[PDB]
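Only one chain is included here, represented as structure tokens and corresponding to the form deposited without the ligand.
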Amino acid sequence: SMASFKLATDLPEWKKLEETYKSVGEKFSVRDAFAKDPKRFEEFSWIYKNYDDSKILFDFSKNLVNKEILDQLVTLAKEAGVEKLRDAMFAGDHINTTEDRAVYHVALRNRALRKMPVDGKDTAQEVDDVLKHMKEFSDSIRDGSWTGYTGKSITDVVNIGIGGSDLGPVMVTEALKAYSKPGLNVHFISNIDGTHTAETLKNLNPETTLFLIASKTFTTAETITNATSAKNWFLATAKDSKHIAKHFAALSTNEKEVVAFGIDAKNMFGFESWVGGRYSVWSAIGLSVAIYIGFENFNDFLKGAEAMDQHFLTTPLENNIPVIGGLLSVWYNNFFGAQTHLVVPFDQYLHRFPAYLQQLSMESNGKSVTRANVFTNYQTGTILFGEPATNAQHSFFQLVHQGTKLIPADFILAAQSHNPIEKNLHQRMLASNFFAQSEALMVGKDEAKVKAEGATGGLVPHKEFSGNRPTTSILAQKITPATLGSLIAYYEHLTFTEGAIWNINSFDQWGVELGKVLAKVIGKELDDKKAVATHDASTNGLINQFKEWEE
């Protein structure tokens, strides 16, 4: 086995952390910790400096953690060989053991052109060549030199893809929308549900719309179905297949399929097998971002990830920010038994950031088998969810404050808004909520205070707050491309750390296969007339009721 251990439960520090949980962690008072340690904020906060000298404060000090606990977690990370696995990742080793592949999204943002080899062959130029092609193409869309079949500049660009071929481009174009150009819009078709195509294309002009079909194989069923429907929409107006070439490009490897579809092979933008879908927005898959906000902005976004990569690679564990966040996740997941991880951006542009992180985290770390090819009998990936604040405060934060579940939470705010309207009034209000919510989760409100505030009798307990509910606060200066690049890479490397401790392979996804195969079988049965009796009674029942109700 390439693995140095079999199960996380084999590592000696695991039982020590179980005993620390019992003695110190279960009943941990964050209030008391601040009272005990005047330097607590200093000790449990870190400033990250980005390549452009901008900064991001990572404040972990309201978590259920102290020096003793964090030191034990760092010892666990050493026993798990986090650093060895990380170094092997950056070395190009095939640490995706089940697919026998490198894991080399870090090579996508190698703008410094460090030597970064796979199979002993540097990748730096091959990556950089695709980025230069991306710059050329995106520049031609943005400056009007690429025209549609009637000689008009492009106004709308539609990405068609599923999974990692959609969610990154969506989230990042939403997040960086302040950097867009009036009159050049992006759209994202992903669902096979034909609503998604019908509603997206309804008001678009075939003469000025450009499609990017995002699929490595160019044989992905939902994506190629969507792509074919979009091609039919285009041709309903254009009425000649020769026009396809001015309106369709591919984010793909499969030149025979692309060319068959009517796309000029010159307009295929490739990426390698060592790019995982949920780690792919840094690749050719990011073309829609480069078109929307310009290549130089996209490049700055890459350089922010690169800087965080360098932090992760070169920092001792006890000061390594993505490591610390991963260690705290393990602490809550495996010792407190918290099943979820909340992420709340106090930022409307970042409204799809939690959904992006949900794929990154859950698709990576929802695994039950270790690198030693044995079943875990301990918890692995958490369920990650969230919505932006302040909206979230009005809604499920009720349960975060007064429910019976521990919900570790990360709050994210920019000190500066891209839209500082009304002399920054909205922004000072937004910021006050950021600070106040984490404060309230810590401090709570005891029975005496509820009484002082005027409640009596049976009403009193209903108005109490436990406090000692943990948050991590992440304050950026401004959510620029660079900042966003660093923030995603933070979560990539947090996700890495978690998976390394659990000894899982964070980079495969075998779990998609069964439902795909079973869908193909059923699809054939939905094409046929007859009632079905080939499945369990529920599946048969559902299919047969559908058949009675369908068009």
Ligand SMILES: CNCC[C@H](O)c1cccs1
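Take the two forms, superpose them, and find the largest set of C-alpha atoms that agree within 1.5 Å; that set is the rigid core. Start at 1 and count along the sequence shown; that's the residue number.
Omitted from view is the form solved in complex with the ligand, to which the following refers.
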> Open site or blocked site for the ligand in this chain, with its pose taken in the deposited complex and fitted by superposition, and blocked meaning 3 or more ligand atoms within 2.4 Å of backbone or C-beta?
Replying inline: open
> Using a 4.5 Å heavy atom cut-off, which stretch among 81 to 89, 371 to 379, 270 to 278, 175 to 183 contacts the ligand in the deposited complex?
Replying inline: 270 to 278
> Three residues, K55, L57 and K478; all within 4.5 Å of the ligand in the deposited complex via heavy atoms?
Replying inline: no
>> Is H133 part of the interface with the ligand in the deposited complex - any heavy atom within 4.5 Å?
In response: yes
> Could you tell me if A448 has a non-hydrogen atom within 4.5 Å of the ligand in the deposited complex?
Replying inline: no
> Might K239 be said to contact the ligand in the deposited complex, defining contact as any heavy atom within 4.5 Å?
Replying inline: no
> Does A265 reach the ligand in the deposited complex, with heavy atoms at most 4.5 Å apart?
Replying inline: yes
> Pick from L514, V521, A35, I47: whose Cα moves by 2 Å or more between this form and the one not shown, rigid core superposed?
Replying inline: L514
> Can we say the CA of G262 moves by at least 2 Å between this form and the one not shown when the core is superposed?
Replying inline: yes
>> Is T253 displaced by at least 2 Å at its C-alpha between this form and the one not shown when the rigid core is overlaid?
In response: yes
